[PDB]
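Worksheet for the structure shown next.
A, B, C, D, E, F and G are the chain letters, set down in written order, and residue numbers restart from 1 in every chain.
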Amino acid sequence: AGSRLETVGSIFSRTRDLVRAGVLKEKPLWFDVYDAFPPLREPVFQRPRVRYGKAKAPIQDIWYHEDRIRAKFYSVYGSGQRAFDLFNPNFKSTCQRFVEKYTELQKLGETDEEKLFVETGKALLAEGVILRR
Amino acid sequence: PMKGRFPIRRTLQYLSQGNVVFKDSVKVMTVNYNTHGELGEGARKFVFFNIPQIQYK
Amino acid sequence: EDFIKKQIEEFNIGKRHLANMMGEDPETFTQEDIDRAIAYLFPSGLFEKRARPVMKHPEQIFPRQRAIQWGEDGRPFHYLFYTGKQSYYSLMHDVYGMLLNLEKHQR
Amino acid sequence: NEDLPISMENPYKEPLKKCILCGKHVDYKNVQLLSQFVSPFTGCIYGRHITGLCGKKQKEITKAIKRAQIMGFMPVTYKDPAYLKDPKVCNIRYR
Amino acid sequence: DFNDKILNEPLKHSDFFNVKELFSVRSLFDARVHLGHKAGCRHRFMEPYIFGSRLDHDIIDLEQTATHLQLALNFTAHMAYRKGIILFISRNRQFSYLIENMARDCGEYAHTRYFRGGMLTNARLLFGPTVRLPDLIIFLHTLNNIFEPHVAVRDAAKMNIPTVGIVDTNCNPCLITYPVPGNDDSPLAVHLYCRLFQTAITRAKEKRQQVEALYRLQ
Amino acid sequence: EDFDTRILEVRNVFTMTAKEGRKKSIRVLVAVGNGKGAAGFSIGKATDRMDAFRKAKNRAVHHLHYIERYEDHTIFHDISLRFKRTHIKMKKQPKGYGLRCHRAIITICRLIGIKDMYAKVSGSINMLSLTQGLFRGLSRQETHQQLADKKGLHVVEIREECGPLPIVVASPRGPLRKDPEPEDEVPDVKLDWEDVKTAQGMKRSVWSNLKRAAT
Amino acid sequence: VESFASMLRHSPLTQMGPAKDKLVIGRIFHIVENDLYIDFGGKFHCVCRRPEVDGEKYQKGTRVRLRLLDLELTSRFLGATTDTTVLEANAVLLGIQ
């Protein structure tokens, strides 16, 4: 037979208690394996309720102190000449090298952000990379 | 359902379970309890829950 | 299903009997001879051929039906059985495969 | 642990764009500006979606236009011909 | 009784078919499974599986992803060792060819074309009186083209059939038994899921073969 | 054959059509049950009465809900709910009491297998919604093993036949909790004026305590 | 062993930043006779029109450089509890390699 009503609860609960009642002749195949390896969350139907008021979400955005300097570099010297390669993992880029230089200079010398930015610019110019935006 | 926030206050057995009976001497009792007294929370909850028991007894 | 072979062998026997009664050797024999013999031995004023008397071979009489699509127990044979239109979809899959293969190469 | 995110503002935030007159001042006497902010032929005032400025400045300039019209600095029907060869701010399509 | 013993033996053991070696967070990140749709495409029941957001884009928690993927592979492999029927669904036409091809290669079956009304419910009238409906369903794309929940999850929850779907930020993991948060849309992710399922089901099949041979010997 | 059926109601529904006009279409409500805690309700529509009965019975035996029960003759605890303006309040009741409930509920409990309880229905009387809310509540009720393993305490039962003796019902399968529950005083719980009346005893009505037929 | 947090912090996208006004190299995986779909990065591919110049120089595995607006086209209308999507990404190309 089997119970076709799924809003009640989980398939496992229904199959188990129906076997206990004695309706089905014997359990299905997936029963024992589900009992042995249950998931982290029991499958149960629940209706989606839209939000109201100040219940926006438990989720927040992702930002970083180095993301600040990424923003400032994209603002001042934006549209880097090199084309980003997303296929290559750990792909080095102009902005990535620049943020690395910024971080190392600022946490080695411990100076003001603007002057260490200007001297990072001087350092990359000495290295010979193009600085056209 | 009943409308009060704690309808057990208005129930009858709550008034009867009160464990206090004043002597025949005392004729009047006066209470003074502030609304926002953080120390007066006891007084406010008393005035809210228990005085019915006293008056019924 | 065995009714098919039953009808086939019985039709062969009836064909031999027909050749015998009409009076020619059963070695060589044709379906135009079958239909001429049937028209002569059992005429009919019916206009539609489907209604007229016809002694036809059972393979052509019975329309072919798909045999059991799954084994005696468990899985089915074709790999689209749990949906309908299995043959159509498998053919379309092969067609699209040939299309993309020719693409990568390039009534 | 250190690589984890952190609560922080978005420095990618584009600064709030300001209209051409958001900061500047407007009066009932700058007939040049107040004629730039009106139709040349019919004298009808161009709305917000035609002009492209904030509501406070739109209200200020339209009240100033009405004041200049009733005062005498500006006409009501025909835009002044001398202010036609000026920058066209209010977008249109008929030409 | 020894047949039941053989059926029950793999259950007590954890990671008994060695499904863990197939996947690693390195491979998932390389296949870009960690991506997600915008916050506008976000879903409540998917929220807790979102590790975070960046540029109004959703990001998936890879530890939970790996946990659910391990559980899904283990379940599929147990079912294949039990010879349980497996049926794939991917309504997305972008990968129907590849999915049907890998289905042929596995021997487990699939349905990527349009889903018909009550195909599972009235399957008896459709096909015949006696027919063995599948024992496991899986979803490479849980939603249809118009982005509604595919009728198959509902039909399976009704008729007691287990389902294992890769749930994206738009999907509804409530009905799914073993929802795997990931990237339904990316081709690297699709190919990786297909290869993992190939390896898993084929290992389960050959392991049943070898165990049956050992018992025929004994 | 273990299942027994029951026809809760039948109605002659009519809907009109262009050429033939009014058409009689029998709608029927049915229930099925073992007597072992398993049952299912269903509707059936058809032009013929017997055909509707058959449709309803078949899809009923296919659609079934299971509900637990405490000692094979009662629910675990009283259940008060509302469903489509149909307030219903069932009260657990010990042995030797019987079933004093709406006749539909009586038949449904005959099918389920519980021998005694009490119930009241208020507001609208639509027995379809009545049955739906009934099964919803009987499915959403929590068992005592469930509640014990959830909370982390030992359940303790007390009778009137038995004296002051603690009868443990069910214990947590998992690790028991260390600290006990703090005494919850004057709880914020919405109670019912009618049951408070009947408990205080001032309530009077000829229609309450009638000596009806058997069960 | 490296945490997913570390791999994300060192990821190409976190250093990429906003997808708008940024060049990127990509290749195509499927191409119809009139248009071509570049798989450049991230989740979605970007559909594009074949230019009038150098029409035939577009085959599988070609590395074309192009900018992009966003990696996903979406929009929320008045009755859309969830914003409509395009399953694609807008992009403009001005060179190859």
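The working rule: a contact is a pair of C-beta atoms (placed from the backbone, for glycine too) under 8 Å apart; a residue touches a chain by one contact, two chains touch by 3 or more.
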item	value
Two chains sharing the most contacts, counting C-beta pairs only	A-E
Per Cα centroids, the chain farthest from subunit D	C
Central chain (by mean CA position)	E
Distance from the mean Cα position of subunit F to that of subunit C, given in whole angstrom	61
Chain centre separation (subunit E, subunit G; CA means) in Å	28
Cα-centroid distance, subunit B relative to subunit D, in whole angstrom	68
Distance from subunit G to subunit C - Cα centre to Cα centre, in angstrom	55
Multi-chain contact sites of subunit A, meaning residues that touch two or more partners	2-5, 14, 60-64, 67, 71, 74, 89
Per-residue multi-chain contacts in subunit F, two or more chains	none
Multi-partner residues of subunit D (at least 2 other chains)	5, 12
Of all residues in subunit E, those that touch subunit A in their complex	7-8, 11-12, 29-30, 42-45, 47-48, 50, 52-54, 56, 59, 64, 67-68, 71, 74-75, 78-79, 82, 84, 135-136, 154, 157-162, 172, 174-179
Interface residues, subunit G side, partner subunit A - complex	9-10, 12-18, 21-26, 40-42, 65, 81
Subunit D - residues contacting subunit G, complex	3-5, 12
Subunit A residues touching subunit F - in the complex, by the definition given at the top	1-5, 8-9, 14, 17-18, 21-23
Sites on subunit F touched by subunit A in the complex	2, 34, 36-38, 40, 61-66, 68, 139
